[PDB]
Amino acid sequence: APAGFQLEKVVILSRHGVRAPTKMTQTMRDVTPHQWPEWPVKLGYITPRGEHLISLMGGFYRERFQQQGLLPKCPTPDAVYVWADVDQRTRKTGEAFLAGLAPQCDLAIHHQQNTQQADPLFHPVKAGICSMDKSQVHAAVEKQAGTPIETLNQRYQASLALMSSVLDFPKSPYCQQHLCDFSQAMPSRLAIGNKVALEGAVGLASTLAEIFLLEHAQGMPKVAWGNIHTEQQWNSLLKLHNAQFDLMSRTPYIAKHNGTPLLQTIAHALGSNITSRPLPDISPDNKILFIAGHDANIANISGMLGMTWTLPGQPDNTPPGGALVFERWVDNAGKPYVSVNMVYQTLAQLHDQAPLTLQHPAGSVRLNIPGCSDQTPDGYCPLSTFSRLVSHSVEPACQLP
Ligand SMILES: [K+]
């Protein structure tokens, strides 16, 4: 931080930790002759190991926030607040974060009281806050791709060939029941206007690549049937996943519909004069706000703010436990600024369960907000400017009533 700057508040939008596959469909089973390995928990649940890996991040956050003078060297209950999505995986990630940040302090997490409905903070379109127009979705995704979607597979030939090899797709029951080239067999298509999906090879491979990454992060004895040997290969496979998220979650039209409530909540917590839905029982003296969500949430916020990144040592742009960390800093004369970093465990740190300390830290990338005309060279954006960007980026129809 520049000369005289002081950290005042932190807002962490974190993905949940290492989880089992959220689904295992007949198609997923049929695209390989290999057997998918069994997980120790129900579909979509965070594992005990994933909780531990989140706690290690909590421990890192504690050391960092102590160092920067924000936290004491148990915090007061007012100083730390957790809002988790209703899923087991997010709830337990919020708990695991507190177990690392403030061990055995019994700090509360919060979440929506009806866990049988979507939380509109995280899924406003699904919750029925607002809707999208089918023709505008189609147009926006095509523009984001810069190529017709029908030929998207051509752009990812190398990656799709590598997926095919890892799966042994030509030998699979799918190829037995239907040339059997992964890319040609499953052309990319957009399925749409409150439900939007990328169908075909890239969509499917995106899911599978993420599952392989989760297997590795879980320290499973056999990952992708032993077929992923190098970091290059991990990058090539996760490229498919990152691409699907660029199109389905970063595309500004979609990003603004699904991301508006979160961005308002984040902005308000940083000190913007943006309406946001108050979080129940939060203190005006709050110092750390931890929001436990999903990769789509991070990607939405990325899209809205025009923020892009690559993470050294981490093939997934939105890995389990990876978090956008927004910070309000003030200069010596009390002017507020916002910084944003994408803070994460490398693939190796996930696999090894590495302790994360000041000496051996989490990965961290400082993000540029391109529209922040008066940002400093080290990426500090005046709050006044940040607030204007937020005002321009939100979809008013999607603000939380
Ligand atoms: K294991």
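Side chains included, hydrogens not; waters and symmetry mates left out as well; all remaining heavy atoms used. Start at 1 with the first residue, then count along the sequence. One-based numbering, in listed order, for ligands and for the atoms of each.
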Q: Within a strict 4.5 Å, meaning less than it, do heavy atoms of the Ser165 and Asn227 side chains meet?
A: no
Q: Is the closest side-chain heavy-atom distance between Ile211 and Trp36 below 4.5 Å?
A: yes
Q: Between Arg19 and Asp87, does any side-chain N to carboxylate O distance fall below 4.0 Å?
A: no
Q: Go through the steps for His216 and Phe212 under the test ring pair (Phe, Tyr, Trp, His ring centres under 6.0 Å), then give the verdict.
A: CA-CA 6 Å; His216 185 84; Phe212 300 149; over 10 Å; no
Q: Do the charged groups of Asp246 and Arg250 touch, with an N to O distance under 4.0 Å?
A: yes
Q: Check for me: within less than 3.4 Å of the K ion (ligand 1), which protein N/O/S atoms show up?
A: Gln218 O, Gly219 O
Q: Taking the six-membered ring for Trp, are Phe290 and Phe97 parallel (under 30°), tilted (30 to 60°) or perpendicular (over 60°)?
A: parallel
